[PDB]
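*Asks:* Sharing protein.tsv (TSV, C-alpha atoms) below.
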chain	number	residue	atom	x	y	z
H	1305	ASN	CA	-59.36	-58.82	78.09
H	1306	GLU	CA	-61.25	-61.25	80.32
H	1307	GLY	CA	-61.55	-64.96	81.01
H	1308	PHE	CA	-63.92	-67.10	78.94
H	1309	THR	CA	-65.16	-70.69	79.03
H	1310	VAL	CA	-64.78	-73.04	76.06
H	1311	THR	CA	-67.53	-75.58	75.34
H	1312	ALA	CA	-67.03	-78.19	72.61
H	1313	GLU	CA	-69.01	-81.23	71.50
H	1314	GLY	CA	-69.47	-83.54	68.53
H	1315	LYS	CA	-67.20	-85.73	66.45
H	1316	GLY	CA	-63.96	-84.46	64.96
H	1317	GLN	CA	-61.00	-82.43	66.21
H	1318	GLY	CA	-60.30	-78.74	65.75
H	1319	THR	CA	-57.57	-76.24	66.54
H	1320	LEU	CA	-58.59	-73.36	68.81
H	1321	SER	CA	-56.15	-70.50	69.37
H	1322	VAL	CA	-56.27	-67.11	71.07
H	1323	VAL	CA	-53.93	-64.27	70.06
H	1324	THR	CA	-53.92	-61.01	72.02
H	1325	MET	CA	-52.64	-57.83	70.36
H	1326	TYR	CA	-51.50	-55.26	72.92
H	1327	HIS	CA	-49.27	-52.20	73.10
H	1328	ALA	CA	-46.31	-53.07	75.34
H	1329	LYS	CA	-43.94	-50.73	77.15
H	1330	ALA	CA	-40.54	-50.47	75.49
H	1331	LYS	CA	-37.40	-51.43	77.41
H	1332	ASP	CA	-34.19	-49.40	77.06
H	1333	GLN	CA	-35.41	-47.82	73.83
H	1334	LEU	CA	-32.76	-45.71	72.11
H	1335	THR	CA	-34.23	-42.74	70.26
H	1336	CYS	CA	-30.83	-42.28	68.57
H	1337	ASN	CA	-30.51	-45.77	67.14
H	1338	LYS	CA	-27.36	-46.46	65.07
H	1339	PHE	CA	-26.33	-42.77	65.27
H	1340	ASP	CA	-24.63	-41.32	68.35
H	1341	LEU	CA	-24.80	-37.54	67.93
H	1342	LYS	CA	-23.40	-34.74	70.08
H	1343	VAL	CA	-24.18	-31.07	69.40
H	1344	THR	CA	-22.04	-28.59	71.33
H	1345	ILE	CA	-23.01	-24.91	71.19
H	1346	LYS	CA	-20.68	-22.26	72.59
H	1347	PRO	CA	-20.60	-18.46	72.55
H	1348	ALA	CA	-18.06	-16.95	70.18
H	1349	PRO	CA	-14.84	-15.43	71.62
H	1359	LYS	CA	-23.25	-8.22	66.49
H	1360	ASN	CA	-24.16	-11.31	68.50
H	1361	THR	CA	-22.63	-14.53	67.18
H	1362	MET	CA	-21.75	-17.97	68.53
H	1363	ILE	CA	-19.56	-20.83	67.36
H	1364	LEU	CA	-21.71	-23.88	66.60
H	1365	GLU	CA	-20.20	-27.36	66.75
H	1366	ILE	CA	-21.35	-30.83	65.69
H	1367	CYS	CA	-19.75	-34.07	66.85
H	1368	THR	CA	-21.11	-37.21	65.19
H	1369	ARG	CA	-20.33	-40.92	65.29
H	1370	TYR	CA	-21.71	-44.18	63.91
H	1371	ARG	CA	-22.73	-47.13	66.08
H	1372	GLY	CA	-22.03	-49.76	63.41
H	1373	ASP	CA	-18.97	-51.90	62.85
H	1374	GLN	CA	-17.85	-50.31	59.58
H	1375	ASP	CA	-17.77	-46.68	58.53
H	1376	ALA	CA	-21.29	-45.62	57.64
H	1377	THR	CA	-22.59	-44.86	54.15
H	1378	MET	CA	-23.63	-41.41	52.93
H	1379	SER	CA	-25.11	-39.30	55.72
H	1380	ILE	CA	-27.13	-36.10	55.85
H	1381	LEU	CA	-26.93	-33.37	58.51
H	1382	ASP	CA	-30.17	-31.42	58.25
H	1383	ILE	CA	-29.86	-28.17	60.21
H	1384	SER	CA	-32.77	-25.86	61.08
H	1385	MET	CA	-31.24	-23.06	63.12
H	1386	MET	CA	-32.99	-20.77	65.58
H	1387	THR	CA	-35.23	-17.86	64.67
H	1388	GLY	CA	-33.40	-14.95	63.08
H	1389	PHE	CA	-30.02	-16.62	62.61
H	1390	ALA	CA	-27.81	-17.06	59.56
H	1391	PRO	CA	-24.68	-19.12	58.91
H	1392	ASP	CA	-21.37	-17.38	58.37
H	1393	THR	CA	-20.66	-17.23	54.64
H	1394	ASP	CA	-16.90	-17.81	54.80
H	1395	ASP	CA	-17.22	-20.87	57.05
H	1396	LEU	CA	-19.59	-22.46	54.55
H	1397	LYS	CA	-17.09	-21.52	51.84
H	1398	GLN	CA	-14.35	-23.52	53.57
H	1399	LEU	CA	-16.77	-26.37	54.26
H	1400	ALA	CA	-17.89	-26.55	50.62
H	1401	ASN	CA	-14.53	-27.38	49.03
R	215	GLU	CA	-36.55	-43.32	32.84
R	216	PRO	CA	-33.44	-44.93	31.32
R	217	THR	CA	-32.72	-43.93	27.74
R	218	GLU	CA	-33.18	-47.53	26.57
R	219	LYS	CA	-35.15	-50.18	28.44
R	220	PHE	CA	-32.13	-52.51	28.50
R	221	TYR	CA	-28.35	-52.53	28.87
R	222	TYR	CA	-26.22	-53.82	26.01
R	223	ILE	CA	-23.52	-56.05	27.45
R	224	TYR	CA	-20.73	-54.72	25.22
R	225	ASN	CA	-21.81	-51.05	25.44
R	226	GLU	CA	-18.64	-49.40	26.71
R	227	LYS	CA	-20.54	-46.19	27.50
R	228	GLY	CA	-22.48	-47.96	30.24
R	229	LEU	CA	-25.99	-47.63	31.60
R	230	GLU	CA	-27.42	-44.11	31.65
R	231	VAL	CA	-30.24	-43.06	33.99
R	232	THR	CA	-32.33	-39.90	33.66
R	233	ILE	CA	-34.15	-38.61	36.75
R	234	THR	CA	-37.27	-36.53	36.06
R	235	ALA	CA	-38.85	-35.28	39.29
R	236	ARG	CA	-41.77	-32.85	39.32
R	237	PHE	CA	-44.26	-31.53	41.83
R	238	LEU	CA	-47.72	-33.08	41.76
R	239	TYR	CA	-49.40	-29.82	40.70
R	240	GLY	CA	-47.32	-29.36	37.55
R	241	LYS	CA	-44.32	-27.35	38.79
R	242	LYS	CA	-40.66	-28.26	38.48
R	243	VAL	CA	-38.48	-29.22	41.44
R	244	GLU	CA	-35.01	-28.35	42.72
R	245	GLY	CA	-32.91	-30.43	45.07
R	246	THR	CA	-30.43	-33.28	45.25
R	247	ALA	CA	-30.79	-36.92	44.29
R	248	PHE	CA	-29.31	-40.25	45.36
R	249	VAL	CA	-28.83	-43.17	42.97
R	250	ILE	CA	-27.69	-46.72	43.74
R	251	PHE	CA	-27.65	-49.52	41.15
R	252	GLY	CA	-28.47	-53.03	42.32
R	253	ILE	CA	-28.33	-56.28	40.36
R	254	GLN	CA	-31.43	-58.45	40.78
R	255	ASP	CA	-31.19	-62.18	40.06
R	256	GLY	CA	-34.67	-63.53	40.68
R	257	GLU	CA	-35.37	-63.34	44.40
R	258	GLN	CA	-31.70	-62.54	45.14
R	259	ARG	CA	-30.77	-58.84	45.22
R	260	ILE	CA	-27.12	-57.76	45.09
R	261	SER	CA	-26.11	-54.16	45.77
R	262	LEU	CA	-23.20	-52.13	44.36
R	263	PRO	CA	-21.68	-49.89	47.05
R	264	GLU	CA	-19.28	-48.20	44.61
R	265	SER	CA	-22.06	-46.99	42.27
R	266	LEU	CA	-23.55	-44.58	44.84
R	267	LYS	CA	-23.62	-41.17	43.15
R	268	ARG	CA	-24.84	-37.84	44.56
R	269	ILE	CA	-26.22	-35.93	41.58
R	270	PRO	CA	-27.84	-32.49	41.81
R	271	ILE	CA	-31.23	-32.23	40.13
R	272	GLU	CA	-31.89	-29.01	38.20
R	273	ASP	CA	-35.25	-27.96	36.74
R	274	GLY	CA	-36.54	-31.46	37.40
R	275	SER	CA	-33.82	-33.15	35.37
R	276	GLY	CA	-30.56	-34.98	35.96
R	277	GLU	CA	-28.38	-37.79	34.71
R	278	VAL	CA	-26.06	-40.44	36.10
R	279	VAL	CA	-23.94	-43.08	34.37
R	280	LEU	CA	-22.72	-46.48	35.55
R	281	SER	CA	-19.38	-47.26	33.93
R	282	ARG	CA	-19.10	-50.85	32.71
R	283	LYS	CA	-15.99	-51.30	34.86
R	284	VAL	CA	-18.08	-50.75	38.00
R	285	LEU	CA	-20.62	-53.35	36.89
R	286	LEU	CA	-17.90	-55.89	36.08
R	287	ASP	CA	-15.97	-55.35	39.32
R	288	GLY	CA	-19.02	-55.20	41.60
R	289	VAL	CA	-19.72	-58.89	41.11
R	290	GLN	CA	-16.88	-61.22	42.05
R	291	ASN	CA	-17.03	-63.06	38.72
R	292	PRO	CA	-15.36	-61.04	35.92
R	293	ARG	CA	-17.17	-63.11	33.28
R	294	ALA	CA	-19.50	-61.29	30.90
R	295	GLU	CA	-21.83	-63.96	29.51
R	296	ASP	CA	-22.94	-64.95	33.02
R	297	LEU	CA	-24.62	-61.55	33.44
R	298	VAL	CA	-27.01	-62.31	30.57
R	299	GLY	CA	-30.43	-63.17	31.97
R	300	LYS	CA	-30.10	-61.05	35.11
R	301	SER	CA	-31.66	-57.63	35.77
R	302	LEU	CA	-30.81	-54.22	37.20
R	303	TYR	CA	-32.81	-51.87	39.38
R	304	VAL	CA	-32.46	-48.18	40.25
R	305	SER	CA	-33.32	-46.95	43.75
R	306	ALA	CA	-33.50	-43.17	43.44
R	307	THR	CA	-34.07	-40.95	46.48
R	308	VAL	CA	-34.90	-37.28	45.86
R	309	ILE	CA	-34.50	-34.65	48.58
R	310	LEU	CA	-35.64	-31.04	48.48
R	311	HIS	CA	-33.28	-28.19	49.26
R	312	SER	CA	-35.69	-27.43	52.12
R	313	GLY	CA	-35.31	-30.95	53.49
R	314	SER	CA	-39.08	-31.35	53.83
R	315	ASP	CA	-39.22	-35.02	52.84
R	316	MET	CA	-37.73	-37.62	50.53
R	317	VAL	CA	-39.36	-40.09	48.13
R	318	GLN	CA	-37.85	-43.49	47.31
R	319	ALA	CA	-38.72	-44.27	43.69
R	320	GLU	CA	-37.57	-47.65	42.38
R	321	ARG	CA	-37.70	-49.14	38.89
So, in terms of structure tokens, how does the structure I just supplied come out?
*Replies:*
Amino acid sequence: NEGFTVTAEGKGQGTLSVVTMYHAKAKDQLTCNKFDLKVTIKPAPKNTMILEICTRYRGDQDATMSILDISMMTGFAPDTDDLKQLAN
Amino acid sequence: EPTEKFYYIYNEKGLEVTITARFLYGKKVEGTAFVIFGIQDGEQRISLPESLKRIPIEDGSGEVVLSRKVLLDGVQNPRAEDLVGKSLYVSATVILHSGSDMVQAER
């Protein structure tokens, strides 16, 4: 990016344009666009804790089908019975 | 791959869609699939929110059916002959049980 001098001569007219492509800094970028999510993790009242998800949609109407992909910590498993209640 | 490359207007059974997903290296796949049927009229595309069906894919195979009632009620006009000359499209999204990635295949 630097200044340059234009020199033109001869008959006729022509259109000269300059377009600069640059990577601009984002302003108030929201990494969680259209999906406000809130994960709350709490110790349970073998080591185990009660894991909670609170989710919401930023749109006007109720959202369409959504997916909650979960990749838990190392060496952790979900409680079977809780998934049983959540399945039906 | 639909069973027939068309949809008879009076077919009360309705359109039937067969999903056949396989790994690139010749192995079958397991996971879940998403199907939504949209009506295409030239450059104008109309979607059907009530046709969204969550079908589980087993051994790289699965099926889903669009009842004729859904097709009739999705468009505001209940007329039948007006639908002749239009087209349908299937936007299938397949997701592994591992959640690695999803592929949007459209016919």
*Asks:* Considering all atoms listed in the file, tabulate each residue of chain H that lies at most 10 Å from chain R along with its nearest interatomic pair and the corresponding distance in Å to one decimal; arrange the rows by chain and ascending residue number and present them as a Markdown table.
*Replies:*
| residue | atom | partner | partner_atom | distance |
| --- | --- | --- | --- | --- |
| H:1377 | CA | R:263 | CA | 8.7 |
| H:1378 | CA | R:266 | CA | 8.7 |
| H:1380 | CA | R:313 | CA | 10.0 |
| H:1382 | CA | R:313 | CA | 7.0 |
| H:1383 | CA | R:313 | CA | 9.1 |
| H:1384 | CA | R:313 | CA | 9.5 |
*Asks:* Which residue, H:1319, H:1390, H:1328, H:1339, has the smallest gap to residue 1363 (chain H) when you use only C-alpha atoms?
*Replies:*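 Looking at the shortest contact to residue 1363 (chain H), the residue is H:1390.
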*Asks:* Report, in Å with one decimal, the straight-line distance from CA of residue 278 (chain R) to CA of residue 215 (chain R).
*Replies:*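 Rounded to one decimal, the two atoms are 11.4 Å apart.
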*Asks:* For the atom pair CA of residue 230 (chain R) and CA of residue 286 (chain R), what is the interatomic distance in Å to one decimal place?
*Replies:*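 Between CA of residue 230 (chain R) and CA of residue 286 (chain R) the gap is 15.8 Å.
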*Asks:* Calculate how many Å separate CA of residue 226 (chain R) from CA of residue 282 (chain R), rounding to one decimal.
*Replies:* 6.2 Å
*Asks:* From the set H:1312, H:1371, H:1386, H:1381, which residue has the shortest atom-to-atom contact distance to residue 1334 (chain H), counting all atoms listed in the file?
*Replies:*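 Using all atoms listed in the file, residue 1334 (chain H) sits closest to H:1371.
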*Asks:* Using all atoms listed in the file, which residue out of R:287, R:277, R:308, R:259 lies closest to residue 244 (chain R)?
*Replies:*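 Using all atoms listed in the file, residue 244 (chain R) sits closest to R:308.
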*Asks:* List the neighbours of residue 1385 (chain H) out to 12 Å using all atoms listed in the file; skip same-chain residues closer than 5 positions along the sequence, and give me the result as a list in words.
*Replies:*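 So, after excluding close chain neighbours, the residues are residues 1345, 1364, 1390 and 1391 of chain H.
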*Asks:* Counting only C-alpha atoms, what is within 9 Å of residue 306 (chain R), bar same-chain residues fewer than 6 positions away, as a VMD selection string?
*Replies:* chain R and resid 233 247 to 251 317 to 321
*Asks:* Out of H:1400, H:1313, H:1392, H:1307, which residue has the shortest atom-to-atom distance to residue 1361 (chain H) when counting all atoms listed in the file?
*Replies:*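 Among the listed residues, H:1392 lies closest to residue 1361 (chain H).
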*Asks:* For residue 280 (chain R), find every residue with an atom within 9 Å (counting all atoms listed in the file), except residues of its own chain fewer than 4 positions away, and show them as a ChimeraX atom specification.
*Replies:* /R:227-231,251,265,284-285
*Asks:* So which residues touch residue 245 (chain R) within 6 Å, counting all atoms listed in the file, skipping near sequence neighbours fewer than 5 positions away, as a PDB file with C-alpha atoms, in the coordinates of the input?
*Replies:*
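The resulting file, around-v6.pdb, is shown below:
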ATOM      1  CA  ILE R 271     -31.230 -32.230  40.130  1.00  0.00           C
ATOM      2  CA  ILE R 309     -34.500 -34.650  48.580  1.00  0.00           C
ATOM      3  CA  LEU R 310     -35.640 -31.040  48.480  1.00  0.00           C
ATOM      4  CA  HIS R 311     -33.280 -28.190  49.260  1.00  0.00           C
TER       5      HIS R 311
END
